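Visitor: Fold the following and give me the result.
(one chain, ligands or ions: 3)
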Amino acid sequence: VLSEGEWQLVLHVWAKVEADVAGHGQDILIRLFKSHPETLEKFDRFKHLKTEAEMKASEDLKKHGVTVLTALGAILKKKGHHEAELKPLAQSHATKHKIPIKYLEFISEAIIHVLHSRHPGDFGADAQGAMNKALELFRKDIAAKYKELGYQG
Ligand code: HEM
Ligand SMILES: [Zn+2]
Ligand SMILES: [Zn+2]
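Guide: Residues are numbered from 1 along each chain as shown. Ligands and ions are numbered 1, 2, ... in the order given. Take a look:
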């Protein structure tokens, strides 16, 4: 798991995200969809977006990026004790949206990339390592719930 020093790194970086939730959210979803256009196919809501310029122009996509980062932030702030927050998310993503764990890996890479792009000075390799560990813990706990419900992978 994460050391206290590592949680400190994660939580101090997150405060920088909270200074511009919509901007980070929009950048992360666009990075995901450009890097892995197969992920776009899971969203009936967005699958009509064919080009990067169309994604940037979508107010609805920006709104969902706020939804995603708000939910992720609430989880990170629980410092590993996130069972009540994580369970409804695992439920809906396994049983309704049908999102494979690999796509959670892809969005984790997108988050790291955008944090680096927006915060090149402050987001050094130690914070990157710590953020990677936090996102791994998130995936590990979701995967456990997926396995319980008989989805896993
Ligand atoms: C950081 C990881 C993620 C977080 C925190 C997250 C959070 C959420 C939240 C809070 C909702 C709305 C409530 C719900 O339906 O559960 C949602 C909806 C959804 N999510 Fe996720 N999500 C994440 C990753 C993904 C990925 C990687 C995909 C697909 C590749 C995905 C697909 C969806 C879809 C299809 C919906 C329904 C959207 C709609 O039609 O309104 N999510 N997400
Ligand atoms: Zn891909
Ligand atoms: Zn706008």
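Visitor: can you tell me if the top helix by length along the chain touches ligand 1.
Guide: In the chain, taking DSSP state H as the definition, the longest helix is helix 125-149. No. Helix 125-149 stays out of contact with ligand 1 when judged by C-beta under 6 Å from any ligand atom, the minimum separation being 7.2 Å. (Each C-beta comes from the backbone N, C-alpha and C, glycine too.)
Visitor: Against which helices or strands is that helix packed?
Guide: helix 4-17, helix 59-76, helix 83-95, helix 101-118 (3 or more C-beta pairs under 8 Å, 6 or more residues apart in numbering; DSSP states H and E).
Visitor: buried residues in it?
Guide: 127, 130-131, 133-135, 137-139, 141-143, 145-146 (16 or more other C-beta atoms under 10 Å).
Visitor: same check, this time on stretch 7-19
Guide: 7, 9-10, 13-14, 17.
Visitor: any chance of those in CSV, plus distance to residue 31?
Guide: Listed next are the buried residues of stretch 7-19 as CSV, based on distance: C-beta to C-beta, whole Å:
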residue, distance to residue 31
7, 25
9, 22
10, 20
13, 17
14, 18
17, 14
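Visitor: Could you list which residues are in contact with the residue lying closest to residue 74 once chain neighbours are set aside?
Guide: Nearest residue to residue 74, sequence neighbours excluded (C-beta to C-beta, 6 or more residues apart in numbering): residue 85, at 5.5 Å. Contacts for residue 85 (C-beta atoms under 8 Å, 6 or more residues apart in numbering) come out as 71, 74-75, 78.
Visitor: how about a cut-off of 10 Å?
Guide: 71-72, 74-78 (C-beta atoms under 10 Å, 6 or more residues apart in numbering).
Visitor: swap in residue 94?
Guide: 100-101, 142-143, 145-152.
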